[PDB]
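These notes are about the structure you will find just below.
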Amino acid sequence: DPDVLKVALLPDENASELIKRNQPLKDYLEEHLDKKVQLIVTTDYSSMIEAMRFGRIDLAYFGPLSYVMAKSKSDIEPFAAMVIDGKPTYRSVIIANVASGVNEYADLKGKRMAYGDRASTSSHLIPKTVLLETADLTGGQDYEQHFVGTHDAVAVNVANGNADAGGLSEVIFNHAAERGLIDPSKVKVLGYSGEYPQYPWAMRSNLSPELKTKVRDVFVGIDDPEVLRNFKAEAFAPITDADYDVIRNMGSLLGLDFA
Numbered sequence: 005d006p007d008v009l010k011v012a013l014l015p016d017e018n019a020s021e022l023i024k025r026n027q028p029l030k031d032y033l034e035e036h037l038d039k040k041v042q043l044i045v046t047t048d049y050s051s052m053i054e055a056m057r058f059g060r061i062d063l064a065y066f067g068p069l070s071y072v073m074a075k076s077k078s079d080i081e082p083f084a085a086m087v088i089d090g091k092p093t094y095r096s097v098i099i100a101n102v103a104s105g106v107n108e109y110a111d112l113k114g115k116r117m118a119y120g121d122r123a124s125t126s127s128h129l130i131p132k133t134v135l136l137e138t139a140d141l142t143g144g145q146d147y148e149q150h151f152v153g154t155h156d157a158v159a160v161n162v163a164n165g166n167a168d169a170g171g172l173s174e175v176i177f178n179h180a181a182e183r184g185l186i187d188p189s190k191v192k193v194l195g196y197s198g199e200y201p202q203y204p205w206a207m208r209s210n211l212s213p214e215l216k217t218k219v220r221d222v223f224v225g226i227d228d229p230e231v232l233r234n235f236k237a238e239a240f241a242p243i244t245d246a247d248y249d250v251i252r253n254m255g256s257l258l259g260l261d262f263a
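Just so we're aligned: the sequence shown equals residues 5 to 263 in PDB author numbering.
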């Protein structure tokens, strides 16, 4: 068991700043754990992942895709994840242009599909998975696929008729009309993806169970906005490794290499 907990944050080029910025986390953790903390910020994901693998980071904060890579190479466990919009998970919604006569995923056969950014989960990878798993529809092959830039652009492109359907974040679609981006009488929801996970905090499994248990309780109980605002989080809530299978499965289905 390390005398001082090595708590790594997201990788960053300005390590001194991000460490200073997150002093409220250091102070919150020392007081609540009764243990000294050393904050760590790595130049890239490979450094972080390998340093944890070899016992030189104790707790670490990852992106979900990054977490899945870290887990394949080392005995770690997630114990909390970022809460935003009331939970540590989110969905994608598929919407359809009302006038296009698309009533079901299957009807996207030979139609136009709007996606956000090639790299987005909520506006590309997730909605693409849904179409494949549910209707055996492959992008490029069984429908025409347009990448239009952002989540707002998906909603707009579907609503104004330039696509028949599109996939975006549930959360963002839910205020697209509120913000006046679209007429809500021109689109309807076809359905939702499963729940995908947010940024996990993860720890090395061979820390003592006394420490591990206490770590998890402390992080889950953080209510200090000065700590939380740096993660753009309302809270941290329990999460487990099993909550990232839906990402593993998405990798496979689409043939993604996370590096």
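Every residue, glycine too, gets a C-beta built ideally from N, C-alpha and C.
Per DSSP, the beta bridge partners of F151 are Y119. Distances from the alpha-carbon of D168 to those of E174, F177 and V158 put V158 closest. Contact between the stretch 43-54 and the stretch 222-234 is not established, with fewer than three Cβ pairs separated by less than 8 Å. The Cβ neighbour count for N26, taken over all protein chains shown within 10 Å, is at least 16; the residue is labelled buried.
The DSSP-derived three-state label of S96 is strand. Just so you know, the alpha carbons of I99 and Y200 end up roughly 18 Å apart. Between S104 and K115, the C-beta gap is smaller than 8 Å, which places the two residues in contact. Contact between the stretch 78-96 and the stretch 173-187 is present, with at least three C-beta pairs closer than 8 Å. Excluding its 5 nearest sequence neighbours in each direction, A237 has C-beta neighbours in its own chain below 8 Å: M86, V87 and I88, listed in chain order.
Counted as a single uninterrupted DSSP element, the stretch harbouring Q42 is not any alpha helix (DSSP H) but the beta strand (DSSP E) occupying residues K40 to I44.
Under the DSSP definition of a beta bridge, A64 partners with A12 and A206. DSSP, read as helix, strand or coil, puts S197 in coil. A direct Cα-to-Cα measurement between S189 and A181 gives close to 10 Å. Secondary structure of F240 (DSSP, three-state): strand.
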